[PDB]
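File shown: query.cif (mmCIF, C-alpha atoms).
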data_input
loop_
_atom_site.label_atom_id
_atom_site.label_comp_id
_atom_site.auth_asym_id
_atom_site.auth_seq_id
_atom_site.Cartn_x
_atom_site.Cartn_y
_atom_site.Cartn_z
CA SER B 1856 -41.21 35.57 62.67
CA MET B 1857 -42.26 36.66 66.15
CA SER B 1858 -45.60 34.97 67.11
CA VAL B 1859 -45.84 33.63 63.42
CA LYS B 1860 -44.98 29.94 63.04
CA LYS B 1861 -45.17 27.37 60.22
CA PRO B 1862 -47.07 24.20 61.24
CA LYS B 1863 -45.14 21.81 63.66
CA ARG B 1864 -43.49 18.82 61.74
CA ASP B 1865 -43.49 15.79 64.10
CA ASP B 1866 -39.84 15.16 65.09
CA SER B 1867 -40.44 12.82 68.05
CA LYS B 1868 -39.37 9.67 66.11
CA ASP B 1869 -36.28 11.18 64.51
CA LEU B 1870 -33.83 9.77 67.13
CA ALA B 1871 -35.10 6.24 66.69
CA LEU B 1872 -35.25 6.44 62.97
CA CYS B 1873 -31.61 7.85 62.63
CA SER B 1874 -30.49 4.92 64.96
CA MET B 1875 -32.13 2.45 62.55
CA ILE B 1876 -30.55 3.94 59.49
CA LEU B 1877 -27.15 3.95 61.27
CA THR B 1878 -27.64 0.22 62.18
CA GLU B 1879 -28.28 -0.59 58.54
CA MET B 1880 -25.09 1.32 57.53
CA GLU B 1881 -23.09 -0.47 60.30
CA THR B 1882 -24.16 -3.90 59.01
CA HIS B 1883 -23.60 -3.29 55.23
CA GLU B 1884 -20.76 -5.40 53.85
CA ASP B 1885 -18.99 -2.39 52.43
CA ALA B 1886 -18.98 -0.56 55.85
CA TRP B 1887 -15.54 -1.89 56.87
CA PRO B 1888 -13.50 1.22 55.91
CA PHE B 1889 -15.91 3.36 57.99
CA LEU B 1890 -16.54 1.45 61.23
CA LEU B 1891 -13.73 2.94 63.33
CA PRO B 1892 -11.67 6.14 63.34
CA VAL B 1893 -8.74 6.15 60.88
CA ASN B 1894 -5.58 5.50 62.92
CA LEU B 1895 -3.80 8.85 62.71
CA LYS B 1896 -0.47 7.35 63.90
CA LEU B 1897 -0.48 4.64 61.26
CA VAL B 1898 -1.89 6.40 58.14
CA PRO B 1899 0.50 8.92 56.65
CA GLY B 1900 -1.09 12.16 55.44
CA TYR B 1901 -4.49 11.65 57.15
CA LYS B 1902 -4.06 13.94 60.09
CA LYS B 1903 -2.87 16.92 57.99
CA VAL B 1904 -5.16 16.49 55.07
CA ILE B 1905 -8.58 15.56 56.67
CA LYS B 1906 -9.52 18.47 58.85
CA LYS B 1907 -12.58 16.79 60.38
CA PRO B 1908 -12.33 12.98 60.68
CA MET B 1909 -15.64 11.10 61.09
CA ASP B 1910 -16.61 7.41 61.29
CA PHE B 1911 -19.69 5.35 62.17
CA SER B 1912 -18.55 4.51 65.75
CA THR B 1913 -18.12 8.23 66.54
CA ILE B 1914 -21.55 9.04 65.00
CA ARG B 1915 -23.04 6.19 67.09
CA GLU B 1916 -21.58 7.61 70.37
CA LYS B 1917 -22.69 11.21 69.45
CA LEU B 1918 -26.23 9.88 68.73
CA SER B 1919 -26.46 7.90 71.95
CA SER B 1920 -25.30 10.84 74.13
CA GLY B 1921 -27.55 13.65 72.73
CA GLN B 1922 -24.90 15.44 70.77
CA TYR B 1923 -27.11 15.84 67.59
CA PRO B 1924 -29.48 18.79 68.01
CA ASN B 1925 -31.58 17.70 65.03
CA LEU B 1926 -31.72 15.21 62.11
CA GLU B 1927 -29.76 17.62 59.76
CA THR B 1928 -26.67 17.72 61.95
CA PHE B 1929 -26.81 13.84 61.92
CA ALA B 1930 -26.95 13.75 58.03
CA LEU B 1931 -23.98 16.25 57.89
CA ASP B 1932 -21.71 13.83 59.89
CA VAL B 1933 -22.78 10.85 57.76
CA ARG B 1934 -22.01 12.79 54.52
CA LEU B 1935 -18.71 13.96 56.07
CA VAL B 1936 -17.61 10.30 56.32
CA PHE B 1937 -18.08 9.94 52.49
CA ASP B 1938 -16.66 13.30 51.60
CA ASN B 1939 -13.50 12.51 53.61
CA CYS B 1940 -13.30 9.12 51.84
CA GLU B 1941 -13.43 10.82 48.37
CA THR B 1942 -10.78 13.35 49.45
CA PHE B 1943 -8.26 10.64 50.37
CA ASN B 1944 -9.05 7.63 48.14
CA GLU B 1945 -9.01 7.09 44.37
CA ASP B 1946 -12.48 6.28 42.86
CA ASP B 1947 -11.00 3.04 41.40
CA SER B 1948 -9.85 1.47 44.73
CA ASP B 1949 -11.76 -0.85 46.97
CA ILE B 1950 -12.24 1.86 49.66
CA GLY B 1951 -13.10 4.50 47.01
CA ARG B 1952 -15.83 2.22 45.59
CA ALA B 1953 -17.04 1.31 49.12
CA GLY B 1954 -17.61 5.00 49.80
CA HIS B 1955 -19.61 5.62 46.65
CA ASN B 1956 -21.79 2.58 47.38
CA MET B 1957 -22.40 3.59 51.06
CA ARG B 1958 -23.30 7.16 50.13
CA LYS B 1959 -25.86 5.85 47.60
CA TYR B 1960 -27.26 3.46 50.14
CA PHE B 1961 -27.51 6.23 52.81
CA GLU B 1962 -29.20 8.77 50.57
CA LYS B 1963 -31.97 6.42 49.51
CA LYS B 1964 -32.76 5.44 53.12
CA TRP B 1965 -32.74 9.13 54.05
CA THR B 1966 -35.21 10.11 51.28
CA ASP B 1967 -37.45 7.10 51.90
CA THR B 1968 -37.54 7.66 55.66
CA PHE B 1969 -37.99 11.47 55.86
CA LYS B 1970 -38.81 13.06 52.37
#

Please re-express this file's structure in structure tokens.
Amino acid sequence: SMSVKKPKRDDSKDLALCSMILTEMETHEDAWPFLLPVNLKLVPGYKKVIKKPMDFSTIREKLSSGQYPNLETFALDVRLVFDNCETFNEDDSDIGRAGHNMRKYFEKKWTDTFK
């Protein structure tokens, strides 16, 4: 509350560390469904169904241009990529499996880096 603060957690390395995690996600072999925005002209249903599209290239541009106010807003966009994937893809498809694998990979890195 006013003039009463919890001790200051050091956040000065968060930008660099999120960039590293994102680089590791970009270079995973199962990243291919997630590298670029889904083409909304060429993929029937996507525009109407997925209210907030997200992809790694878009997260990379947001990161580089100071559009994440803190590390939680970064993790929300990453998770949004996987949540969108589950919404639109069967679990037993190549893309559906890719998304489960990438989410698992992301969450471990996140815990190991910050928790």

| task | Might you pull out every residue within 9 Å of range 1967-1969 of chain B, with all atoms listed in the file counted and same-chain residues fewer than 2 positions away left off, and present them as number ranges by chain? | result | B: 1869, 1872, 1876, 1962-1965

| query | What is the CA of residue 1958 in chain B-CA of residue 1909 in chain B distance in Å, reported with one decimal? | reply |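 If I compute the distance from CA of residue 1958 in chain B to CA of residue 1909 in chain B, I get 13.9 Å.
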
| field | Residues near residue 1955 in chain B, cut-off 10 Å, all atoms listed in the file, skip fewer than 2 positions along chain, as an MDAnalysis selection string | value | chainID B and resid 1885 1937:1938 1940:1941 1946 1950:1953 1957:1960

| said: Measuring between all atoms listed in the file, which one of B:1878, B:1966, B:1944, B:1956 shows the shortest distance to residue 1905 in chain B? | reply: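 When distances to residue 1905 in chain B are compared using all atoms listed in the file, the smallest one comes from B:1944.
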
| field | Matched chain/residue IDs from the PyMOL selection byres ((chain B and resi 1858-1867) around 12), as a list in words | value |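 Checked against the file, the PyMOL selection byres ((chain B and resi 1858-1867) around 12) matches residues 1856, 1857, 1868, 1869, 1870, 1871, 1872, 1873, 1924, 1925, 1926, 1927, 1969 and 1970 of chain B.
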
| query | Just how far from CA of residue 1897 in chain B is CA of residue 1923 in chain B, in Å to one decimal? | reply | 29.6 Å

| task | Could you expand the PyMOL selection byres ((chain B and resi 1908) around 10) into the explicit residues it covers here, written as a PyMOL selection string? | result | chain B and resi 1892-1893+1895+1901-1902+1904-1907+1909-1910+1913+1932+1935-1936+1939-1940

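Distance annotation: of B:1888, B:1929, B:1934, B:1912, the residue with the minimal separation from residue 1948 in chain B is B:1888; atom set is only C-alpha atoms.
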
| field | Residue with smallest distance to residue 1942 in chain B - pool B:1911, B:1900, B:1918, B:1930, counting all atoms listed in the file | value |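 That would be B:1900, the residue with the smallest distance to residue 1942 in chain B.
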
| request: Have a look at CA of residue 1914 in chain B and CA of residue 1882 in chain B and let me know their distance in Å, one decimal. | output: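 We find that CA of residue 1914 in chain B and CA of residue 1882 in chain B lie 14.5 Å from each other.
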
| task | Between B:1933, B:1921, B:1945, B:1894, single out the one closest to residue 1877 in chain B, counting all atoms listed in the file. | result | B:1933

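The shortest atom-to-atom distance to residue 1874 in chain B, with all atoms listed in the file taken into account, belongs to B:1916 out of B:1947, B:1896, B:1916, B:1891.
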